[PDB]
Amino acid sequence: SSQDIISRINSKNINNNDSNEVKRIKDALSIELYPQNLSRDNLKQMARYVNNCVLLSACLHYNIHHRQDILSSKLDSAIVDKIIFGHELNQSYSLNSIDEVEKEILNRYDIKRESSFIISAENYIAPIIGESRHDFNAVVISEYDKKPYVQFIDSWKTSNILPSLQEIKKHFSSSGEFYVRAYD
């Protein structure tokens, strides 16, 4: 798979309107197992390893999928997805709150055991700039004899890379859509 990334990122079959973006990605991206059942501490180490929020979140998603620390950073999510995964990842319908994101993810896990997702928020409050598009990650953690829970992961937000639901909710007002996507 990582060799397919290398082929895509260096290819000449690219619309020149996308050239600078692909170059920014190529410049940032580095290419170098974790257990099948991840722990919260595993996720912390993976989030630290990878660290632009769209690139970071896609890198982390990829690493989680392969259970290995492969991609890191040293942007249109469609272009990023095409490079890292080889296609755009299919999205959910728009969701209206981070609470609803959590519920949808728990439902997907309940039915299909799908456990790792990229979240795209429209009106995330970033420092200084305010409401803005922001990507981050969510993984379902299953600890012994405990109900599965959603761990949000924001590898960009280095002050708190594993926020609680309460903490991440601080970064939203009622303004905003959310979308969930995942590599299959």
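Sequential numbering from 1, following the sequence displayed.
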According to the PDB entry, how many deposited residues between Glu143 and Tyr144 are absent from the model (none, 1 to 3, 4 to 9, 10 or more)? none
Interresidue gap class [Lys74, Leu75; deposited sequence, unmodelled]: 4 to 9
Comparing 36 to 44 with 134 to 142, the higher average Cα temperature factor in the PDB entry belongs to 36 to 44
Output the stretch having the higher mean C-alpha B factor in the entry; the candidates are 149 to 157 and 60 to 68. 60 to 68
Considering only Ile105, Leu95, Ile84, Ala78, which residue's Cα atom bears the greatest B-factor as recorded? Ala78
By the recorded C-alpha temperature factor, relative to the other modelled residues in its chain, which third is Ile6 in? highest
Sorting the chain's modelled residues by C-alpha B-factor, tell me whether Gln166 ends up in the lowest, middle or highest third. middle
Quick check on the deposited entry: does the C-alpha B-factor of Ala28 sit in the lowest, middle or highest third of its chain? highest
